[PDB]
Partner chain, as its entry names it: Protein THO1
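The chain below stands alone and is given as C-alpha cells, in the form solved without its partner chain.
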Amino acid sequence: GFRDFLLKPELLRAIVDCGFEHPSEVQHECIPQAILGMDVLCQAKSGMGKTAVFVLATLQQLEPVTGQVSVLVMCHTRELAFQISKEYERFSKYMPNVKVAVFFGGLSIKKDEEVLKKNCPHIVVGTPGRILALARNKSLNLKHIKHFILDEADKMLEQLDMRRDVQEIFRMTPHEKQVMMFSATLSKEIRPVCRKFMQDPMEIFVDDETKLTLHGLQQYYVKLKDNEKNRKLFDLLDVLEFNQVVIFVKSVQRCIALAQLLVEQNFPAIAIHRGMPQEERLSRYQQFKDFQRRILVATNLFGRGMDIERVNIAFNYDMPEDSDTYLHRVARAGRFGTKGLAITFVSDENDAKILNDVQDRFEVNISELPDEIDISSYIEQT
C-alpha cells in the first residue's frame, strides 16, 4: 500500500502496525509531492487519512537534531492538536529518538516551558495562541523550523485575530522551509495568506468523499422506554437472523455496559467507544472482521461508512443526535452488498422529532417494526 510512497522502512512497519495498507485518495495525491519538500495547498475533508499525509511526509524528511524543534504543526482546536500528536507518536513507533510534544491552553504554560528547556522535542504541535506565547517569551525557539504545517486553515485564518498571530509565528521561522496547508474549505482568506506563506504550491483539491445513501435498505423503528430497550433488543437478537450486528449507543458508559451485558449473555461482542486510544479503537474495529455471529457495540466508528459485508443489522439503540449521524451509522460501502436492515429505538417524544426529521432529509419512510421480516430483504445471498 504505502510501500509505493517510498517511505523509510521504520515508517512502513509502524503503518502496518496501525492496521491499514490501503492509502486514501488525498494521500495518493499529496504524499508524493509532500515527501519531496514541495509546498502544498490541499483542500480535502477531515479524516480520510488527511493528517497522516503531513505526519508521514514530515517524519520521512525529518533530520532529527537534539534540542532543536524542526517541525511546527498548528491547528484551530486543541482536541485535533492532541490527536495529531498521538498520531506522530504512533507512526514514530520505530523511530526511537524522534520526539513530539503538544501545547495548548488549559494547561499551565509553565509546564510547556519546562519541557522546552529540559527536553525540547523535534516536533511541536499546538494551537496558535499557546504557540505564539511560548515563542514571544523565547521558551520556544522557532529558528530551526524546516516544516511549517497548518491544519484546518480555513478555520484558523477566518478571524483576523488568529490569522495575525499565525503570521507573527510564521515570520519567526526561517524563510526557507516547507509549508503545507490543509483545509476542508477553501475560503478567500487562505488565498491571500498563502501568497504570503507559500511560494508556488502544488494545489491539490481532493473531493468530499461523495457518499450517503439509504437506497435498497430496510428501515424500521420501535417506540419504547429505556427500561425496555435491553429486553426488546435481546428479543430482537433472538428472532432476527444475522452474520454480524452493529449497535449504536449515545455514551461510553452505555457502550461499555451494553457490550459487557451482551457478552455475559453469551452474545460475543466487542466495544468501541470514543473513550479509548485511536490504536485501541483501530485494533478492535479491525478485529471485528471475524466470526459467524459477532456484535459490535459502538458510539460511532469511522466516517468511511459500514464496510463489513457480513454486517446485516445496524441498531440505533440510542437515537442518533442528528439526522446526519443516521446516514453515517447506516449505509453500505465496502466490496458488494447493498441490502441491510436498520432498526431505531424511540423512547422520547424528542427522538421522534429527530426520526421524523430523517424521513424528510433523505425522503424515505421508516415504518414501525413488523412481526415478520423476510430474511432475504436485508441479507442479500442467504
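Residue numbers count along the first chain shown, from 1.
There is also a form deposited with its partner chain bound; it is not shown, and the following applies to it.
In the entry with it bound, its partner chain stays beyond 4.5 Å of every heavy atom belonging to residue 117. Not displayed here, its partner chain is approached by residue 239 to within 4.5 Å at the level of heavy atoms in the entry with it bound. Its partner chain in the entry with it bound comes within 4.5 Å of no heavy atom belonging to residue 94.
Put simply, residue 268 is close to its partner chain in the entry with it bound: some heavy atom of it is within 4.5 Å. Contact annotation for the candidate site: 231, 234 and 294 all lie close to its partner chain in the entry with it bound (heavy atom within 4.5 Å). Heavy atoms within 4.5 Å of its partner chain in the entry with it bound belong, among the stretches 260 to 268, 154 to 162, 118 to 126, 133 to 141, to residues of 260 to 268.
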